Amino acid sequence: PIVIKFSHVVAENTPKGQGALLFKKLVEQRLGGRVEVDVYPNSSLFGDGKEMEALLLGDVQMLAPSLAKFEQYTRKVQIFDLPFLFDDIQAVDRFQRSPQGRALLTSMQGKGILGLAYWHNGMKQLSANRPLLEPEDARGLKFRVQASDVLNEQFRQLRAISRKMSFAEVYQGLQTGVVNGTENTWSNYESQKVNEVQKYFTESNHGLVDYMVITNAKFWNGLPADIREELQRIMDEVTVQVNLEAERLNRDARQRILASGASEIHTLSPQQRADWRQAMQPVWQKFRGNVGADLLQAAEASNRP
């Protein structure tokens, strides 16, 4: 039996958590015991950063990290972190399906990482212990960000303080005041109960959390061809399921946060959104050389159906 250990940092009741569990179920139902799958959620086996070290070492065989967590392996995936680049997940999906977007799945093959698929989670919103209605509202705040130079600079541009922290540490960081605010999808906020430590949310859709399903190129390329292709077909089916569940789980997450009564959500007006974009988009100039004109052109073109 070939064992595939799939580690991740999110709760089970999420797009990625359900996706990993579906992959395991379909492998069990279709590969007759030739492949077995173990799933380790919520940083139970490996958390941020460590997971990739383990992937390269062979302590794990499959991951699906946020596209914001690959700067140590390539700087091309940074495109997904640029604020307000993608209007919505439909635009990002279009970019991901472009020749360029597909090519990015192999951007790290030279470091031993193979991308197998993109999984959607959703757009990012803002959270803090004070209201965030106008960009000046973020000044002085300490925001937890994923380990991303783009996201670090995003809040630096708003005259705020950025703290790169592993996802598992967000709740405690906010409860203890190491950080005062953050950014994430409704699913991640509710699934991790972070609304209990954030009284104010702003629906800004200023970015997104999407994932690249990845594996160790040596493990995957060493699989029997029939098994590899079958696993890829199953992954393709799982991707559709994740992408469909993602939008609805995020909708349910927002409703449960609003129902809580312990947190408020302000939705930005078109004009407010534009002012936040005008204030944050200057960060793009710092990374344009890394991503390149072509990728930026393709990403901007993805906003036009």
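Quick note: we count residues from 1 along the sequence shown, nothing fancier.
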{"item": "Higher-scoring stretch by recorded Cα B factor average, 260 to 268 or 33 to 41", "value": "260 to 268"}
{"item": "Of 131 to 139 and 87 to 95, the one with larger mean CA B-factor", "value": "131 to 139"}
{"item": "Largest Cα B-factor, entry values, listed residues 48, 245, 53, 28", "value": "245"}
{"item": "Out of 112, 115, 224, 181, highest CA B-factor residue", "value": "224"}
{"item": "Relative C-alpha B-factor of residue 285, binned into the chain's lowest, middle or highest third", "value": "highest"}
{"item": "Residue 297 - Cα temperature factor, lowest/middle/highest third of chain", "value": "highest"}
{"item": "Residue 273 - Cα temperature factor, lowest/middle/highest third of chain", "value": "highest"}
{"item": "CA B-factor placement of residue 199, once the chain's modelled residues are sorted into thirds", "value": "highest"}
{"item": "Position of residue 279 among the chain's modelled residues by C-alpha B-factor, lowest, middle or highest third", "value": "highest"}
